[PDB]
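A.B. asks: model this:
(3 chains)
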Amino acid sequence: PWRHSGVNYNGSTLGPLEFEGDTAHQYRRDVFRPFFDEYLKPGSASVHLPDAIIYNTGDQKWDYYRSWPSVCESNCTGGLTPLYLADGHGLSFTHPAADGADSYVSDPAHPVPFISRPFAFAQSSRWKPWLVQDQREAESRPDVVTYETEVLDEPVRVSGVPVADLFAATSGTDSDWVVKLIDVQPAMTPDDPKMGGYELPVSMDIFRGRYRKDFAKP
Amino acid sequence: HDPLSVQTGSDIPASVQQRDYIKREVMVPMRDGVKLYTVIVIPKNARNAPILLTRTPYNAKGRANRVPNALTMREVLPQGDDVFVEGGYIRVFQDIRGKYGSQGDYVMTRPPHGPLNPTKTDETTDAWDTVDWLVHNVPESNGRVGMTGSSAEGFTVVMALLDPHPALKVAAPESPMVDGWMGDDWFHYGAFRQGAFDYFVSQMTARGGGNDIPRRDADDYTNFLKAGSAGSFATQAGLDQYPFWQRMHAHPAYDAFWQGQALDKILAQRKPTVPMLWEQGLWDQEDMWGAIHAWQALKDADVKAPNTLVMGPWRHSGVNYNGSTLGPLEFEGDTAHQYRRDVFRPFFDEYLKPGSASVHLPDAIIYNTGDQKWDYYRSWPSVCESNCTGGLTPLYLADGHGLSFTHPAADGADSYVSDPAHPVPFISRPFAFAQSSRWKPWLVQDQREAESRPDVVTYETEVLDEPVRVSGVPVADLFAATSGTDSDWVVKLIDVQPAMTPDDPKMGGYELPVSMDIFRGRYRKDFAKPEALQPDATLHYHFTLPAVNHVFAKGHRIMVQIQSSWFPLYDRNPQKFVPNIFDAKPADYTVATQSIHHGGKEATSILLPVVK
Amino acid sequence: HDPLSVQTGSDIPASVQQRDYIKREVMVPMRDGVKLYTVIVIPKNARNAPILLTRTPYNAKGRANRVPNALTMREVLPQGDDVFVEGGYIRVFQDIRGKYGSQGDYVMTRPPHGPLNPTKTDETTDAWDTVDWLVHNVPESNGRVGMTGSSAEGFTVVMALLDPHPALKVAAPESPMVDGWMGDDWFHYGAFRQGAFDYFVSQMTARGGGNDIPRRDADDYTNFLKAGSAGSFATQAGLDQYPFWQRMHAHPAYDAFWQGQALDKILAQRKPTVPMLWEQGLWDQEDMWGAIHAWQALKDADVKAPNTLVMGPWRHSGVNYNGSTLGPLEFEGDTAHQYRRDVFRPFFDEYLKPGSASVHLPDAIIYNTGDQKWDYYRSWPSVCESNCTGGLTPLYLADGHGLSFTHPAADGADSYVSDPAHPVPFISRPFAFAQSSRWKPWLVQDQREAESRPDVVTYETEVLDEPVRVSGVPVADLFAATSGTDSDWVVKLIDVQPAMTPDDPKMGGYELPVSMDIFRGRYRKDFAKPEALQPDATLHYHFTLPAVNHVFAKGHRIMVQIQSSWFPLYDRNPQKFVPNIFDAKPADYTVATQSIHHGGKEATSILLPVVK
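C.D. replies: Numbering: from 1, shown residues only, chains lettered A, B, ... in the order given. I have put the structure below:
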């Protein structure tokens, strides 16, 4: 649960998020060092590492997966589960038969800030934990469309690479498509009040529309 | 049995000289038999001392207990009482009718005797009976009473000024509740302030203390948006059983209910002879209309008594605390203490302490938010719409999102889509009304967030080569059109800081608002008779904005920002004409295209009070 | 008249579904007719649900209202109830006899039935009647009650364990008040804790809330020093009229009054059969004696029930909050939540939720303050004074202010002047008892300030080449001399951090105390019969210090600090034998020369619980 190069520093926090101890030092001591010792120090203990060792941003613990990922598009034990966008700005696991569409105006004279203004690239302290910043500012804008499920009654576990299956239209001849997968914290978090309703992005990216068909031939 | 070992009774003692003050608790009887809880703080060995009186609905016992049962009077009394404690004044805090230790019925901002109050008592008589009692029952006093207080405590001062007792020699209302509809606590040109619900429940649930409205989400932007309309929130909060809300809900327009409560107009018709010192902050987020309008009305009515207006770089009630800062802004020392020691105290001493020096205060003493110093204006304002030495200078909106002092003869217009499903946050999300630390300095926050939104139109001058000085009331001369049948118009006058401020880096390019307000379109023609707007027609809006005493320095920029929402502070305008916005239904909220015309016959501008 | 415009009544309403819980307020009648206010928080539509009960003198109504009248149960209940809210437990908070909403007489830490309480009731019977009522009157419950609580709420659990109701299936006292004289809230080996005065006035002024003692100065070091003695401050604060103080003032020694209140000795004689989970923090600044001594006494008496001791890296009551940090220290995640989720909850589920997984807890579960991990000890402690697998390893004080594991045959002694006019501050000045943020993590503060003083002797080992692991109770074997006839002895076991800690620069050379306590010299021979000390004679002092589960890593240093004052937390020892230190006179305070002998026959050392 680190930022770029965060593995060489302290892994206890990242922005307002708090993890179970110094996760970076944990990896350095429990995995990194012993793995290196096996081949660099003759006579050292043999370590048998799995396919992947990933920290669980929900369970708050290290997960050791013998085979990872267990689910994906093709050549995996199982496929991906589609979380469909629905009517009334909702999200459902049930495929909605009815056709529908939502519109938003994209004005380049007023682009959406990736993080709160003001921001300068020299501000390292703001740049580092940018990916965990609250997305509530974007949601309040008419140039950002937001979809969400109902307050969960049962937990939903995700482990792998999420794929954006987007069916979008533009009135122009080019366009960028930013898709954010967000984990909305409980409406109220009394043990840490500032996290109430916090829109934490667990995964997000941008796609330049001109490369839809070919990445080499726009 | 041994009492020093075996306890068969209670450990709580049956009954429970080091202080420099004496605290007296009395129940002062009014003319109708109702008694009012009064706390009198008299300094030890005090003889022939003046009385500083404050009537309050915020717990008199608590107010005179900053540090509960402290050893010193300085500790026991509020920070704002510092200069009076040093002066040996007798402090008096009294619970108003129907609140805390007081008896009787409580009426939120009780209307003065008239069509809205046919009984023999009101806040005016309550103050009269109080003063009359204090001058006959406090032997340590010289029989001279001075009145002060901020917010609702300021409201009581204004009420007492309608018909004061001869012993009330001086008064100083601080950011008082004068007109809750025009521009104070409840509405701002018709636009309802949603933070009122929490105030209602906290002040009217019981005689004593009350609790806040439990929330679903931590964000009030989310809370009020999910509820829909303001009325819907109120109903969900169980506010429908509260008599004051029932009256407000029935009177959304500026009718007889609100007109009969406008203290600025009433006080001016009575012609008081008691020296006054009106005060409000330049960034008063709760009572911007209060002081300035009451002071101006008295000046226009040719009052025969000292009438001075004081405006510092403070937030609501900031005059009683530390005025060194406000949000990220820094001023030249403790401006609040400065005013309290140099102006407030001596002015009160003149009428409450016989033999004291005579002070000759000017028309207004306003701090300069540009020059960083106190300005003393013998005649203020020097420029305004009519009946002034000079007129206002129009700062025209122009082509290419610009601002100029030169009239653009050609027509032009810029558009923005106002979607009520995504209203513009008044301050960064998340925000809850319970977060006092964010609410207090809201008026000085950077407006760069709003500038980046497509539903907010921004205009700016070039980087200034010569400073532009403004002192007075700016007037928004707006020529706007909407596709809907109703709309809200938010206009902001901003002072953009230099692109780079190397001594304080975070201030570089900061969009500091010096004055901003909202106007509910339905009240364009008449405030008392709301009417629908013509779709797509460019209409003329003319309204005054909060006063200014600023200097847009070299390297700065003057900026104007226009939008149609300010959530969740102001309830969303459905953008469709409905009889009562409070009861707007989900289907009433319409997306609308707003057009701000510039140049030609419909040249939108900000009528600036430019001075030499 | 129009009611929607004219109000002649009150704006306060005569009588003032969205929640996931139901709150029930009941007055539970005890065996003597006295009713106790009980708040029952029940989750919406629950059946066969266990009850978590807490009896408290800290306002039940408030405790069950973390976020007053909140929409969710999670919000409404304290942080420490998180796992029980997730488990669907029924929360029950009750006001103990004589406090807040409860009737009857209030007796501070009411003694159990015996020579100090000849009535028909006590805290044991009150809990019995409460459990009996709860299991018959709450239809949503499965008739199984679990008891928990911290501080005074922990005291009520221990009291209930003396003779529990059949329905009380499990108990978990957290940092309970077991022995106020030995090492809990009031005294520590006879040394009086001056913070008790504020606690006395805040809890025994009235049935409900009370206020703090008004201070003259902001610094309590100044306040107490100026007052002179502890009894002198009490008199000046008007505490002489408080019955509990009157008894304490009459019983400064460990006589029948304190012996008959030692819950560890009483509980071990009763032999309970209810599964227990004892808890206290390794840095418990309010109740260090409590849990460990109560758990150990039961273990020695061969208790026929699960008896586990849990000690985390927490301050007093820190188990119910966030255990990630403590002062400048950082632990491996939220240790408090970890314990609550992995140990606490499942242990309670085993006896309260029929069908749940069975847990087999070891002797003790202690967090390692060196290894930064949870240690599970099947048998604890493995090393101690007598009746253990191994003995303690002595860490001898040596020449040139050093420490060694090798016994020095050569005799030696180091001296320091203890001047009562200038007592050693327990933590940096200024400090007031009201400053909670400084009081809570005081036990982990840097001891470098003390080391720099001439009235504090310091001993340290060389920079460690190999780690030294310690697990158990360290025993101070001190051979000290004083020129006076009385004296206090403060012994600190410190873990000096590496000279430089590049990953966290501020920790470089930091003198972190892993265990420290004070011993009032007059009680050297007998705790019940105080005696004067022979001037200039080296006497033997033998006392246990707070438990440890640390590892002095490579680069670190083990350090011992010895002083004779710990102001203003502990009252100053006059250093002259007086019948009652509480009533010491100004002339009694004598400057004394203290000598700590090392080597030979009087080899001062800290008997460390060194493990492999």
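A.B. asks: Phi, psi for residue A:156 please.
C.D. replies: With angles defined as degrees, to the nearest 10, residue A:156 shows backbone torsions of phi -120, psi 110.
A.B. asks: show me the residues around the closest residue to chain B within chain A that make contact.
C.D. replies: Minimum separation of chain A from chain B (Cβ to the nearest Cβ) falls at residue A:196, amounting to 2.7 Å. Any C-beta I mention is one placed from the backbone N, CA and C, and that applies to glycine too. Residues touching residue A:196, when contacts are defined by Cβ atoms under 8 Å, 6 or more residues apart in numbering or on different chains, comprise A:185, A:186, A:187, A:188, A:189, B:217, B:218, B:219, B:430.
A.B. asks: farthest pair in the residues you listed?
C.D. replies: Checked with Cβ to Cβ, these reach their widest spread between A:186 and B:430, with 13.4 Å between them.
A.B. asks: any shared contact partners between the two?
C.D. replies: When contacts are counted by Cβ under 8 Å, 6+ apart, residue A:186 and residue B:430 are jointly contacted by A:196, A:197.
A.B. asks: and which of the contacts of residue A:196 is nearest to chain C?
C.D. replies: Distances from these to chain C were compared by Cβ to the nearest Cβ; the smallest belongs to residue A:188, at 5.5 Å.
A.B. asks: ok, and the closest non-adjacent residue to that closest one?
C.D. replies: The spatially closest residue to residue A:188, leaving aside those adjacent along the chain, is residue A:196, at 4.8 Å (Cβ to Cβ, 6 or more residues apart in numbering or on different chains).
A.B. asks: same thing with residue A:52?
C.D. replies: What sits nearest to residue A:52 in space, not counting adjacent residues and going by Cβ to Cβ, 6+ apart, is residue A:68, at 3.9 Å.
A.B. asks: count of neighbours near that neighbour?
C.D. replies: As a burial measure, residue A:68 scores 17 neighbours (other Cβ atoms under 10 Å in any protein chain shown).
A.B. asks: same deal with residue A:23?
C.D. replies: By other Cβ under 10 Å, 24 other residues sit near residue A:23.
A.B. asks: what do you get for residue A:94?
C.D. replies: By other Cβ under 10 Å, 8 other residues sit near residue A:94.
A.B. asks: my read: it touches residue A:81, true?
C.D. replies: No. Checked against Cβ atoms under 8 Å, the pair residue A:94 and residue A:81 is beyond contact range at 11.2 Å.
A.B. asks: circling back to that earlier point, if I pick the residue nearest to residue A:52, what's in contact with it?
C.D. replies: Applying Cβ under 8 Å, 6+ apart, we find residue A:68 in contact with A:50, A:51, A:52, A:54, A:159, A:160.
A.B. asks: three-state assignment of residue A:202?
C.D. replies: Using DSSP: H, G, I helix; E, B strand; the rest coil, the three-state assignment for residue A:202 comes out as strand.
A.B. asks: In chain A, where's the longest helix?
C.D. replies: Within chain A, and with DSSP state H defining each element, the longest helix by residue count is helix A:33-40.
A.B. asks: ok, and for stretch A:170-185, which residues are buried?
C.D. replies: Neighbour-count burial for stretch A:170-185, with 16 or more other Cβ atoms under 10 Å in any protein chain shown as criterion, is recorded at A:180, A:182, A:184, A:185.
A.B. asks: Equivalent analysis for stretch A:184-204, please.
C.D. replies: Neighbour-count burial for stretch A:184-204, with 16+ other Cβ under 10 Å as criterion, is recorded at A:184-191, A:195-201.
A.B. asks: What about those, which are in strands?
C.D. replies: When strands are assigned by DSSP state E, the members of the buried residues of stretch A:184-204 inside them are A:184, A:199, A:200, A:201.
A.B. asks: Report the beta-bridge partners for the second one.
C.D. replies: Listed by DSSP bridges, the beta-bridge partners for residue A:199 are residue A:184.
A.B. asks: got a list of what it touches?
C.D. replies: A:134, A:135, A:136, A:139, A:182, A:183, A:184, A:185.
A.B. asks: Now residue A:211: phi and psi?
C.D. replies: When read as degrees, to the nearest 10, the backbone of residue A:211 gives phi -100, psi 20.
A.B. asks: Excluding chain neighbours, give the residue nearest to it in space.
C.D. replies: The spatial neighbour of residue A:211 that comes closest, neighbours along the chain excluded (Cβ to Cβ, 6+ apart), is residue A:218 at 5.8 Å.
A.B. asks: give me the element the residue of chain A most remote from its centre is part of.
C.D. replies: In terms of distance from the mean C-alpha position of chain A, residue A:43 ranks first, at 40.9 Å (Cα atoms, centre = their mean). Under DSSP states H and E, no helix or strand contains residue A:43.
A.B. asks: Which stretches in chain A count as helices?
C.D. replies: So, for chain A - with DSSP H - the helices run A:23-27, A:33-40, A:124-127, A:136-139.
A.B. asks: what residues does chain A put near chain B?
C.D. replies: A:105, A:107, A:109-113, A:116-118, A:134, A:136-137, A:139-143, A:187-189, A:193-198 (Cβ under 8 Å from any Cβ of the partner chain).
A.B. asks: can we see that at 6 Å?
C.D. replies: A:107, A:110, A:113, A:117-118, A:136-137, A:140-143, A:187-188, A:196-197 (Cβ under 6 Å from any Cβ of the partner chain).
A.B. asks: Most neighbours among the residues you listed, which one is it?
C.D. replies: Comparing the residues of chain A next to chain B on neighbour count, residue A:140 comes out first with 24 neighbours (neighbours: other Cβ under 10 Å).
A.B. asks: Spit out the contact partners of it.
C.D. replies: Under the criterion of Cβ atoms under 6 Å, 6 or more residues apart in numbering or on different chains, the contact partners of residue A:140 comprise B:422, B:425, B:429.
A.B. asks: List the single closest residue to it in space, sequence neighbours excluded.
C.D. replies: residue B:425 (5.4 Å).
A.B. asks: Outside of stretch A:98-113 itself, list whatever touches it.
C.D. replies: Contacts of stretch A:98-113 from elsewhere in the structure, counted by Cβ under 6 Å, 6+ apart, are A:87, A:143, A:145, B:452, B:454.
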